[PDB]
Every structure is written in structure tokens, then in C-alpha cells.
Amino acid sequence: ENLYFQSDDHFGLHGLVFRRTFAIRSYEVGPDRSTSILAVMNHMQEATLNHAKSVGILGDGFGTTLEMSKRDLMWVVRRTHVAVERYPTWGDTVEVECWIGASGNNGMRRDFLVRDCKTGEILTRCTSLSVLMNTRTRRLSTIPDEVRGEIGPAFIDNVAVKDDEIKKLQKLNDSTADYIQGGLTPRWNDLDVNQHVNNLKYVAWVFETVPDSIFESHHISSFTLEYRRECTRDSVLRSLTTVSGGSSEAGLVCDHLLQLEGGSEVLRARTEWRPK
């Protein structure tokens, strides 16, 4: 019912939703033949960058528009929520539907829908919240009008994930964590365009302390991350995970924490699991 959601040839309008097909590759699936959530998030990240190009948003970046680039501003992801119904397998063809939208006066949200091309079933729903940061002062910035003039006309109001589904996360008690791993350090290729560690590197470090027994038995159905701080090449991190068993009423839950070791919080995260 939103005209600008449809493709260009539907209404003769410049559409604001990017679409792209992915065929699941061999190295993207685990021993259980399921695509990993890291491959799914890779897909959405790739669709992100393509989307900016498709709506007439400027030169990269990974981001980063001119008005932003003039003001030494960059996007930083501060929240991510992923809802997974079913993971595709090798050879399956999926389609990512992605777009951007406002989040208050100074936030921007990117939302994603991934469908199974054969069944038309929705496999993945996601939304990520980004904010502006000054690269020099490492300080959060409001969105200047020159930047709103760039990304604003690309906004649509649709959501893939309702607020109801996203719960504010509690930091786990790091002194009673079920699993802990320190000495985590980024290497040369793990860094981004501006001195900072890749966003999906963080996700990898989160899974460092998830026991293999949970990966063998369960699939991630929900994934929520709250980022609070960037990391550099000389960062050394500690990953922590706390398991909230599922053996009655309650399903399997994992709480997560990346900290600078020690012990300023880098992020907190929460995974919900379902039996395979």
C-alpha cells in the first residue's frame, strides 16, 4: 500500500526498496547443512551498500555521504535485531528486501526481509540502528540538515521488526559467566576504512564463548545486539557468555558480553535458541 515500496516498473516511480537474489554457497553452510547466521548477516550487509547506490545516495564510505564526509561524520551501528524463522540450505535461492528509515530525529534504521524464492516464505527479519559519530572526536553527533537532505528522501515508514519484539538488554554478571575467553585481538584485515574493527567481527567474538554443544543442538531464532563502544587495532577483548537453560516452560537463552578486558563494555547481546 506504500507506492514507493514497489519496484520501479510497477508504478513508474523511483522505488526506495532494494532487492537482490542470493544463491546459498557451499562455504556458507555448517555441518548440519544450515546457512550460518553470520552468512545471513553478511548478505544483509552487502544489500545495505547496494541499497544506498540504488536510491541515489552518494559515494562510499560504507556510508558515507559528502555532507557527512565534510563534517568528518560516519555511521556506527548501535543496535541490531535479527529474527530467523528458518535457515536456508545449499543451493537455495533467497531474496533480500532492504530499505532505510528514520529513527527519532538523529537515528537511522535499516530493515531487512529475506525470503525463500521457491516457497515465498520469510526466512529472516532484521533491523539495525545507526547513529552519526565524529571520526576525530569519537563523539556522537546529531544529524545535520545537509545530511538529512541526502538520506531523508529515501526514508519509508515500513518496518520488518516491531518495537514489541525488541527488548532492552541486561548486562550479564561477568564474575559468574559460564564461558569466558580473553586475548581476543583484531588483525589487519579485521579493520574498516577508518581505524575501526569490522561490525561482523564483533559477532564472531560473541560466538567465541558459545559452547559447541549448543551449536549442535539448537538454531538461533533471535539475535539482539547493543553496541556501546568502537574498537581499534590495539584493542584486546574478552568474550563472555551466560546460559539460561531450557528444560521447562523456558527455551534456551544465551546472554553475551564483549568487554575491553578489562573491563569497559564493548557490547551486550542476547540469543534465543530453538531445538533443530
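Position 1 is the first residue in the sequence shown; the rest follow in order.
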property	result
Stretch with the higher entry mean CA B-factor, where the candidates are 228 to 236 and 37 to 45	228 to 236
Residue range whose averaged C-alpha B-factor is higher in the record, 105 to 113 or 195 to 203	195 to 203
Maximum C-alpha temperature factor, selected from 125, 136, 78, 168	136
Given 210, 29, 57, 220, the residue at which the Cα B factor reaches its maximum	57
Chain-relative CA temperature factor third for residue 155	middle
Residue 247, C-alpha B-factor rank within chain (lowest, middle or highest third)	highest
Residue 262 - Cα temperature factor, lowest/middle/highest third of chain	highest
Residue 181, C-alpha B-factor rank within chain (lowest, middle or highest third)	middle
Lowest, middle or highest third - CA B-factor, residue 93	middle
